[PDB]
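J.: Here you go, one structure.
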Amino acid sequence: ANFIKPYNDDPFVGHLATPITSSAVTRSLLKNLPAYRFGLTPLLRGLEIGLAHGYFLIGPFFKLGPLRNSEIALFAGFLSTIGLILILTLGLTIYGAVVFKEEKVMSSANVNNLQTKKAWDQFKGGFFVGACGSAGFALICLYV
Amino acid sequence: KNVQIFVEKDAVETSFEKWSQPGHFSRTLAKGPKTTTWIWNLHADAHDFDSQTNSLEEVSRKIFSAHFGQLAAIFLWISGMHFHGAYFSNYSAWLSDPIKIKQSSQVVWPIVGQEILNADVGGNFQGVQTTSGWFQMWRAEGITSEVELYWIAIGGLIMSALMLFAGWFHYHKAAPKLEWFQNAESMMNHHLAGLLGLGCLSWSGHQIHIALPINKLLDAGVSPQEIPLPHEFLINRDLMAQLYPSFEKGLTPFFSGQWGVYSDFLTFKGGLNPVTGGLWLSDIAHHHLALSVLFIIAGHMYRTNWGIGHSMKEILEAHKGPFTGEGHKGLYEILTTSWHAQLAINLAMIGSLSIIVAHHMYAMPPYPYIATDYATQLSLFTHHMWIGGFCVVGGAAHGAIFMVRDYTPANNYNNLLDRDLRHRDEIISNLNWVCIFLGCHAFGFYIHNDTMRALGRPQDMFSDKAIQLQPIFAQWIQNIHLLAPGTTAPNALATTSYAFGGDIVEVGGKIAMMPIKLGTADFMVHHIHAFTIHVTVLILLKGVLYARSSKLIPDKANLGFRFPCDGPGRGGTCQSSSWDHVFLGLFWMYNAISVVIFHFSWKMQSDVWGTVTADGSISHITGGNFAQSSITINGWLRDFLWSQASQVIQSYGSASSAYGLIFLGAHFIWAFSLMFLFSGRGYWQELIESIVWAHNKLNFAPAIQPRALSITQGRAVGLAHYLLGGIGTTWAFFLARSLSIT
Amino acid sequence: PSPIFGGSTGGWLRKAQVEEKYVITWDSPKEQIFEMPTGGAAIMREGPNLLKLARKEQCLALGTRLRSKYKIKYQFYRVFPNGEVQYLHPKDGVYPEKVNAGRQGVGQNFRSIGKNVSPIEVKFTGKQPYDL
Amino acid sequence: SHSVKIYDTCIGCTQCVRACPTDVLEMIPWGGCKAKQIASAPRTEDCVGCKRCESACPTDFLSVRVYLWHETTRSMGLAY
Amino acid sequence: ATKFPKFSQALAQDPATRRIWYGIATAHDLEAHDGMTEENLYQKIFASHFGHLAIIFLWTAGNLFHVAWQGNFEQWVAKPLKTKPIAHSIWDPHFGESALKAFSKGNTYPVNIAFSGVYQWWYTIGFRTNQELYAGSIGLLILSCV
Amino acid sequence: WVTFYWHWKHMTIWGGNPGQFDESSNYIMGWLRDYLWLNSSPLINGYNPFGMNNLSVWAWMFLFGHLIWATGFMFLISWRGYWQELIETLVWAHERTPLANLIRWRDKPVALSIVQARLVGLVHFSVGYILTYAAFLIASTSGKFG
Ligand code: CLA
Ligand code: CLA
Ligand code: CLA
Ligand code: CLA
Ligand code: CLA
Ligand code: CLA
Ligand SMILES: CC1=C(/C=C/C(C)=C/C=C/C(C)=C/C=C/C=C(C)/C=C/C=C(C)/C=C/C2=C(C)CCCC2(C)C)C(C)(C)CCC1
Ligand SMILES: CC1=C(/C=C/C(C)=C/C=C/C(C)=C/C=C/C=C(C)/C=C/C=C(C)/C=C/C2=C(C)CCCC2(C)C)C(C)(C)CCC1
Ligand SMILES: CC1=C(C/C=C(\C)CCC[C@H](C)CCC[C@H](C)CCCC(C)C)C(=O)c2ccccc2C1=O
Ligand code: SF4
Ligand code: SF4
């Protein structure tokens, strides 16, 4: 038995098909993550991603913060999660401003594509809504 | 029969002809020198036996006889030491009072004011304090007299001449054939049962009959003189039954299978001797007996001339899983037709062993009166850390010499070796990440502590008073070892070491052993250890996996093991050879081992070593500054390096002033290395041309043309001075610091 | 007609499908094991063999090992993403080490090397001393 | 790309062409030396710049010469 | 060139990160730029000299401004043997409470002690008040604009 | 060698014991012990477990210098083709990891060149060299004031 073969039956391609790369667990898991799911507007792709990241970025600021032992330990850190999201979004704006090119022909049959300038902008704004909202959601969930 | 003796008679004539022709061994150097590079090549290639001949039989004969020459130099070395202990030492005065008399086996001649190095040691004797532990080892053997040391010295000289004769006999007179060398299963049976098994049996025999009863009388308070001759312990059972009253039974409870009669000399008590602070000899006699039975039984696992036993080939070839493909097929041809692949295993094992040896000799001190000699404890520990460090990387060098020269693809289709090479980008990129992950965390813990403390915020540092990082896994294991005597080891009276907890052992007012508590300052340092080993492995592993080719150089194996580069194109090709990977990893081993011995020297001085008074008031050497001073770099720089330097820098006019000179001398050599490591050859060769001109102008020039050191060689010089100067500066700092506190 | 190989992680990257990729063809009289420039081993198939690589050097390095170690002889191709192929080694069917009538002179200075001009002479020009 | 020039002191002993790892040089007909052949650099754009050709040239000074030039993906030696 | 290095067409066509590193490090090597003539060379250097001269006077105008604004020049002029001269004040959100008390020993706020010797220099040339120091800094800001 | 000499000669004149430098300056150990080891006390006590002082910044800068100097050794001893091969495995890894595959560099990452490594290693050795002496000479004088 052999559990290691060349990816896509191409022996000279520089990839190996192992149970970490292409097994039934990792196939169905990655196919259902928002960066690869079929049937999502690029806003929605960025929303979800942002919804799941802003929620746990909270943790290390509120616990191991410079003002963690104060009566404003929750406030101190929430503000600093927003400042972290502002830096990350800023990296998303500049990346798409330079990687993709503007379109001449109004021709657009795929408005769904993510790897484009128009969709990346929507993907970037969805990340910012979902990450500030999830930062505020566990502000409520921890205030208890 | 498959295992036989095959020897060629009168293989090589013994004449002085070749001695007068330097470079006879190789084809290119035998033409003679044209440039000064020839002189350097003469030495770099002298032991490269693989590149001198193409016959595996002729390489194997050269190696075998050279082993005899290496052992003969070791016998000469051992015979010297025993000679110095018999004529230039204070052994007798030390044996009478081994708490006040310091040890010494070297005396210097008075010629340029250097007699000051003869210290006032004690016992009407003046000499240099030696820290090798010869004295303690002699007491454990039951020496007690200089006469006995003289016989060991004569016997060491005779053995040394026997080795010299055997190496000459096996290379010229009786040169054994290739079939003889390729007997792995025979060789394993002989080394396990004969060398290791009979070695432990006979040694145990010396310990039961000679070393055990003499030590009992020394410990009780009998002066050496009143102790009888060792041979008198072999004749009168009356003398032996007074100390161990189970000799009245003789040897009959051994063949009747009643071995518990001998619980007088085969103990399992653990701990240390409250009188000497060393391990119980009675435990050590049991230790060698149980070993020797294990080694002799293990030397029957292979098949030689009688059907029974295992063939090494059918073992390995049976091990193949559905991830490994062919598994271990081919590793026999490898490990029976190539000497490089053998050293790669062997040096990695022997180097790991010397590290393992150093960890077990400070925690369970096996010699008597050695645990309170802190200069010996510190010296012996670091020594094996260095010898272990060099041998480990040396295994990785030969692993890469094997991949370039002896490795063939046709002998290894789809086996474990072939497969590692196939996903070599994955081993290296994943290791690369683990290295960037371990460094940012373990070293960033110290930076955080350095900046937090400097900003006036100690409440936020990683410490035992702030954000704790408790090593809970190692603390958990300590408790298990402490509760082990009685429960898990029901016949053990005490714990193996007192490091895991227990009582405090003291000899002469000094502390021999104490429990070594682990806190967050311990925890942080253990990751530095983790981190520097992972980086060293990253360079050596990469050198072995990419020894034959890369995406950069597809034909690296045709360029060889050690080449300088493949030119200034393809960006920079400098240090692409696998020899240069060995070169870089030598600087890391250095970095890794330096932190290990720094960690050991400081933790023992802060939390173990010290003296005591009434009501058990322990006063440590540096007073317990380890939990709150080693969490920052400034604390390591100011309390370890700056504070403990006071001895070596204030040693002038005293007997330890040689340590002050070697301290400066090694700071000089270390800096001298940086001239070779930062510069390169073509600036030096143009410099030589202007110098040669001044000679040519005066009508003379050497016919051996002067040439700058080559690229590869200029790197090997700078590395040898870097190690010499670096290790040396620490050598002088460690001995002048520990002789003053012992 | 790709040789027998279990794959490896040292093969082509994105550069292949985005920038030029190279293939090499050879003919072997028998089945023998050879070393891969990016991989450890592979069994070549009798008859024509086809291998795809990522660099010209990797292709030429295999040729060198196929030449003086197996006595066989091969062709290099440059393949573009659109589909246009180029024929590279040997350029005119004859190896570069052997003179072939019909070749021309490219990049030759008709004097020895000590005969180059000073860099101050070609000042403020868009050239160099070795391009005169 | 890099620049490879060939001078007239070339004695035509084909050693640079046999050393080139990326097939940049070739031998052409020439009537100026005993071997009636001179090296030529028709494909300098595959030149990686490793200078193996100059390590092989027996003349003093060298007949073949490599000069550093603007780097492409080919002369950088990249496989990605 | 149409890439980041606009002065080297040969550095602007490089696909690697080396292009970024070199465009920075060869930016002032004016003689080696694409299409550089001799007359344009001397003009670029000349105008580069003005901008360099202005940075020096802007630098000086800084040192006059910080002491006039946050130093103890007036207190130093009165007792030049006992008071320590003041470089500028510190404002760093990363300081503990004991840091603010350690850097303000002998003063009211966090502060750096000067070791430039501008105090002794200004004292002997005539300066005696903070108003004179401030006036000198405005005159060097105007000179830098020119 | 000039700055150590000028400083050591003055520290002993100001300290009131010019004879200390007149006797110990003959051998090297004198320099190492009575100048370097003896005058670093107030600097490295800038901050410790007990607390911190005004001179904490010089103490932090002192260690800072040692670090930059030592990172300069990396660029000067280890050469390029070691590093080029390493980055090729990193380019590989990034191209094979899901969710990191959506991002991509526009400039092929490559190892610094031969001449660039010398210039960088030189800048580290230089900036580390100057900052650690500035740290020493300023706080050993201001921490003893004589
Ligand atoms: C402490 C470290 C150190 C030392 C000792 C040197 C030493 C030297 N370097 Mg230097 N170098 C260093 C670091 C150092 N380097 C570093 C870090 C770099 C940066 C890469 C360089 C870069 C460099 C270059 C570019 C140049 C030098 C040069 C020199 C030489 C200067 C001439 C001289 O001093 O003669 C005295 C010789 C010594 C001090 C060497 C030690 C000799 C000892 C054994 C003599 C013992 C004293 C006494 C004579 C004993 C008598 C002998 C006995 C048999 C009777 C000398 C060999 C230059 C040179 O080679 O010109 C000649 C040169 O051009 N070096
Ligand atoms: C890398 C080493 C290291 C570490 C661990 C820390 C740790 C810390 N520092 Mg820092 N620091 C460091 C180096 C480090 N420091 C250095 C080198 C300096 C000098 C410049 C400083 C200077 C400094 C200052 C000046 C301050 C700190 C502070 C802090 C604290 C909070 C920082 C914070 O909120 O970050 C935000 C943290 C995150 C966003 C965490 C991201 C990491 C996550 C957990 C990784 C998760 C990986 C995950 C397992 C992957 C698997 C996924 C899969 C399961 C799906 C914290 C204790 C502050 C403090 O008050 O200390 C108490 C503060 O004021 N630091
Ligand atoms: C020189 C400029 C500078 C300045 C002014 C600051 C300022 C600050 N740093 Mg910082 N830092 C700097 C450089 C600087 N840093 C550099 C170069 C490094 C790397 C070596 C660090 C590393 C560092 C660490 C590791 C930490 C800080 C922290 C802090 C905060 C002080 C602690 C406190 O009480 O906050 C407590 C904070 C709050 C009560 C809430 C503040 C929330 C901010 C203001 C939200 C900003 C929102 C906005 C969208 C940001 C946009 C950014 C961008 C678009 C410009 C403060 C905001 C600490 C911190 O972030 O605290 C959480 C901290 O842990 N710094
Ligand atoms: C019982 C048999 C026996 C013993 C004891 C040894 C012992 C040794 N062999 Mg060895 N060997 C054996 C059988 C044996 N071999 C056989 C059968 C083969 C053929 C397959 C080999 C092939 C072989 C090779 C190819 C090599 C060795 C090497 C070595 C040495 C390893 C280095 C070491 O640990 O030094 C420890 C050193 C000592 C313990 C000192 C002992 C010195 C001599 C030899 C005394 C032993 C003789 C005798 C048994 C003593 C009797 C004691 C008396 C009181 C009764 C060691 C001396 C290596 C070596 O160094 O060769 C020189 C080496 O390269 N062996
Ligand atoms: C059992 C151990 C062992 C053995 C048998 C070998 C054997 C060999 N090694 Mg090897 N090696 C070892 C351990 C070993 N090594 C270790 C531990 C390392 C890591 C440091 C290496 C690293 C290594 C490299 C990197 C290379 C070899 C090479 C070689 C081969 C030729 C060696 C030669 O001609 O040197 C001749 C011997 C010398 C020139 C002696 C010089 C030794 C130093 C410079 C002096 C030591 C200083 C001294 C102790 C103290 C000075 C004090 C001062 C005051 C005077 C040979 C097969 C080379 C080779 O080509 O492989 C085929 C090669 O390139 N080895
Ligand atoms: C003090 C000097 C020094 C330092 C810092 C380094 C640092 C490094 N070397 Mg080394 N090297 C040195 C000397 C040094 N070297 C010397 C002298 C040589 C010559 C022999 C080499 C030869 C060499 C080789 C051959 C190799 C390395 C490797 C490495 C890397 C280890 C991975 C790691 O943990 O990085 C993490 C960074 C650090 C540990 C240092 C800083 C830690 C910071 C403070 C925490 C995180 C900071 C954060 C990311 C940024 C915030 C700050 C910023 C905003 C201001 C790292 C970049 C290896 C490598 O790349 O493997 C991965 C490797 O193979 N080096
Ligand atoms: C560890 C582990 C793991 C993992 C896990 C994880 C990783 C998890 C995560 C999780 C997470 C990470 C989660 C998240 C969540 C989130 C959330 C829950 C959110 C929410 C939100 C909301 C709800 C909303 C908001 C808003 C908006 C947006 C707007 C405005 C308004 C509001 C505010 C409402 C596993 C399994 C592998 C295994 C075992 C171990
Ligand atoms: C230190 C030293 C030395 C010395 C050493 C010596 C002194 C040794 C000895 C050794 C010895 C002295 C050994 C011995 C051996 C013995 C043995 C090893 C025996 C055994 C036996 C047995 C095994 C038996 C068996 C049996 C039985 C039991 C029963 C039945 C029968 C039989 C017989 C089988 C020298 C000089 C070298 C050098 C320097 C160092
Ligand atoms: C200094 C230097 C040289 C010059 C060194 C040379 C030419 C070797 C000189 C060795 C001599 C000839 C051997 C004899 C040693 C001295 C004559 C005696 C000194 C020993 C004292 C203890 C007396 C290089 O050739 C070189 C090459 C590549 C990288 C760096 C460097 C480099 O740094
Ligand atoms: S520089 Fe290298 S690749 Fe270019 S022609 Fe010369 S040898 Fe060939
Ligand atoms: S350039 Fe050199 S190698 Fe090439 S043909 Fe001429 S002499 Fe031979």
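Each chain in the structure tokens gets a letter, A, B and so on, in the order shown; residues start at 1 in every chain, and ligands are counted from 1 in the order they appear.
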Grab me every residue within 10 Å of ligand 3, counting only C-alpha atoms and all ligand atoms, and send it over as JSON, numbers by chain.

T.: {"A": [60, 61, 62, 64, 65, 66, 67, 68, 72, 73, 74, 75, 76, 77, 78, 79, 80, 81, 82, 83, 84, 85, 86, 87, 88, 89, 90], "B": [448], "E": [91, 92, 93, 94, 95, 96]}

J.: So which residues touch residue D:17 within 8 Å, counting only C-alpha atoms, skipping near sequence neighbours fewer than 6 positions away, as a tab-separated table (two decimals) with N, CA, C and O atoms, in the first residue's frame?

T.:
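So the final result, stored in selection34.tsv, reads:
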chain	number	residue	atom	x	y	z
C	96	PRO	N	27.60	22.32	-29.61
C	96	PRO	CA	28.39	23.56	-29.53
C	96	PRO	C	29.89	23.34	-29.38
C	96	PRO	O	30.66	24.25	-29.67
C	97	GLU	N	30.30	22.16	-28.93
C	97	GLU	CA	31.72	21.86	-28.76
C	97	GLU	C	32.38	21.46	-30.07
C	97	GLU	O	33.61	21.44	-30.17
D	23	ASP	N	24.65	26.54	-21.82
D	23	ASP	CA	24.71	26.52	-23.29
D	23	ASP	C	24.67	27.94	-23.88
D	23	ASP	O	23.76	28.32	-24.61
D	24	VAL	N	25.68	28.73	-23.55
D	24	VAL	CA	25.77	30.10	-24.03
D	24	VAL	C	26.78	30.24	-25.15
D	24	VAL	O	26.58	31.01	-26.09
D	25	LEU	N	27.87	29.49	-25.05
D	25	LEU	CA	28.93	29.55	-26.04
D	25	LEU	C	28.96	28.37	-27.00
D	25	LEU	O	28.47	27.29	-26.69
D	26	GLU	N	29.53	28.61	-28.18
D	26	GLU	CA	29.67	27.60	-29.21
D	26	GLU	C	30.92	27.89	-30.02
D	26	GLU	O	31.47	28.99	-29.97
D	27	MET	N	31.37	26.89	-30.77
D	27	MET	CA	32.56	27.03	-31.60
D	27	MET	C	32.17	27.20	-33.05
D	27	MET	O	31.27	26.52	-33.55
D	39	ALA	N	35.83	30.80	-30.21
D	39	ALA	CA	34.62	30.75	-29.43
D	39	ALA	C	33.70	31.90	-29.80
D	39	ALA	O	34.14	32.93	-30.31
D	53	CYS	N	33.56	29.32	-17.51
D	53	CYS	CA	34.25	29.42	-18.78
D	53	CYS	C	35.64	30.03	-18.62
D	53	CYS	O	36.57	29.65	-19.32

J.: Show me which residues are within 7 Å of ligand 5 counting only C-alpha atoms and all ligand atoms, and format the list as an MDAnalysis selection string.

T.: chainID B and resid 43:49 343 347 390:395 397:398 401 562 579 582:583 720

J.: Distance cut-off 7 Å, counting only C-alpha atoms - which residues of chain B neighbour chain F? Return them as a PyMOL selection string.

T.: chain B and resi 425+428-429+453-454+456+552+571-576+584+628-629+638+649+677-678

J.: Do you have, as CSV, the list of residues of chain B lying at most 7 Å from chain A, each with its nearest atom pair and that distance in Å to one decimal, counting only C-alpha atoms and ordered by chain then number?

T.:
residue,atom,partner,partner_atom,distance
B:322,CA,A:2,CA,4.9
B:323,CA,A:3,CA,5.7
B:325,CA,A:2,CA,6.7

J.: Between atom CA of residue F:132 and atom 28 (C, counted along the ligand's line) of ligand 1, what is the distance in Å, rounded to a tenth?

T.: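 Atom-to-atom, atom CA of residue F:132 and atom 28 (C, counted along the ligand's line) of ligand 1 are spaced 24.7 Å apart.
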
J.: Would you list the contacts of residue C:89 as a PyMOL selection string, taking every protein, DNA or RNA residue within 12 Å and counting only C-alpha atoms, but skipping same-chain residues closer than 4 positions in sequence?

T.: (chain C and resi 22-26+56-57+59-60+63+73-78+93-96) or (chain D and resi 22-26+43+46)

J.: Since we have the selection now, will you write its residues out, keeping N, CA and C atoms, as a short mmCIF file (atom, residue, chain, number, x, y, z; two decimals), in the first residue's frame?

T.:
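Below is the file that was written, selection_24.cif:
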data_model
loop_
_atom_site.label_atom_id
_atom_site.label_comp_id
_atom_site.auth_asym_id
_atom_site.auth_seq_id
_atom_site.Cartn_x
_atom_site.Cartn_y
_atom_site.Cartn_z
N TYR C 22 10.43 24.08 -19.26
CA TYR C 22 11.27 23.38 -20.22
C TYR C 22 11.04 21.89 -20.18
N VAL C 23 11.09 21.26 -21.34
CA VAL C 23 10.97 19.81 -21.41
C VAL C 23 12.23 19.28 -22.06
N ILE C 24 12.56 18.02 -21.79
CA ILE C 24 13.71 17.37 -22.39
C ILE C 24 13.32 15.97 -22.85
N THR C 25 13.76 15.61 -24.05
CA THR C 25 13.48 14.31 -24.64
C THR C 25 14.77 13.57 -24.90
N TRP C 26 14.76 12.27 -24.63
CA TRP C 26 15.89 11.41 -24.89
C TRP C 26 15.38 10.03 -25.29
N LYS C 56 16.72 25.86 -17.46
CA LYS C 56 17.53 25.37 -18.56
C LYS C 56 18.72 24.60 -18.00
N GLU C 57 19.23 25.05 -16.86
CA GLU C 57 20.36 24.39 -16.22
C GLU C 57 19.96 22.98 -15.78
N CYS C 59 17.79 21.11 -17.03
CA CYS C 59 17.65 20.29 -18.22
C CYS C 59 19.02 19.92 -18.77
N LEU C 60 19.93 20.89 -18.79
CA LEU C 60 21.28 20.68 -19.30
C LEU C 60 22.12 19.83 -18.36
N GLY C 63 21.30 16.29 -19.12
CA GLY C 63 21.92 15.90 -20.37
C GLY C 63 23.35 15.45 -20.12
N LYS C 73 21.73 10.36 -26.38
CA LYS C 73 21.53 11.74 -26.86
C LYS C 73 19.48 12.98 -28.01
N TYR C 74 19.64 13.85 -27.02
CA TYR C 74 18.51 14.48 -26.36
C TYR C 74 18.21 15.84 -26.98
N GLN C 75 17.06 16.42 -26.63
CA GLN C 75 16.65 17.71 -27.17
C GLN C 75 15.94 18.55 -26.12
N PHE C 76 16.26 19.84 -26.08
CA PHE C 76 15.66 20.76 -25.12
C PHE C 76 14.63 21.67 -25.78
N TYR C 77 13.55 21.96 -25.07
CA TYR C 77 12.51 22.83 -25.59
C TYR C 77 12.04 23.84 -24.56
N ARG C 78 11.69 25.03 -25.03
CA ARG C 78 11.16 26.06 -24.15
C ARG C 78 9.69 26.15 -24.48
N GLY C 93 21.35 21.03 -34.28
CA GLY C 93 21.51 19.59 -34.34
C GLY C 93 22.93 19.15 -34.06
N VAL C 94 23.88 20.08 -34.15
CA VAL C 94 25.27 19.77 -33.85
C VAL C 94 25.65 20.40 -32.52
N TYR C 95 26.35 19.65 -31.67
CA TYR C 95 26.76 20.17 -30.37
C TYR C 95 27.73 21.33 -30.50
N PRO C 96 27.60 22.32 -29.61
CA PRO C 96 28.39 23.56 -29.53
C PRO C 96 29.89 23.34 -29.38
N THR D 22 24.90 26.37 -19.08
CA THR D 22 23.62 26.81 -19.61
C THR D 22 23.67 27.10 -21.10
N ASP D 23 24.65 26.54 -21.82
CA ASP D 23 24.71 26.52 -23.29
C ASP D 23 24.67 27.94 -23.88
N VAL D 24 25.68 28.73 -23.55
CA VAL D 24 25.77 30.10 -24.03
C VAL D 24 26.78 30.24 -25.15
N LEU D 25 27.87 29.49 -25.05
CA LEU D 25 28.93 29.55 -26.04
C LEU D 25 28.96 28.37 -27.00
N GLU D 26 29.53 28.61 -28.18
CA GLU D 26 29.67 27.60 -29.21
C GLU D 26 30.92 27.89 -30.02
N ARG D 43 24.24 33.09 -27.35
CA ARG D 43 23.10 33.09 -26.43
C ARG D 43 23.46 33.58 -25.03
N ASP D 46 20.91 33.29 -21.71
CA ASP D 46 20.93 32.17 -20.79
C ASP D 46 22.11 32.22 -19.84
#

J.: When DSSP is applied to the backbone of this structure, which of stretch 82-194 of chain B are assigned strand (DSSP E or B)? Write them out as a list in words.

T.: residues 104, 105, 106, 119, 120, 126, 127, 128, 129, 174, 175 and 176 of chain B

J.: What does the distance from atom 59 (C, counted along the ligand's line) of ligand 1 to atom CA of residue B:702 come to in Å, to one decimal?

T.: 20.1 Å

J.: Pick out the residues no farther than 9 Å from ligand 7, counting only C-alpha atoms and all ligand atoms, and list them as JSON, numbers by chain.

T.: {"A": [47, 48, 50, 51, 52, 53, 54, 55, 56, 57, 129, 130, 131, 132, 133, 134, 135, 136, 137, 138, 139, 140]}
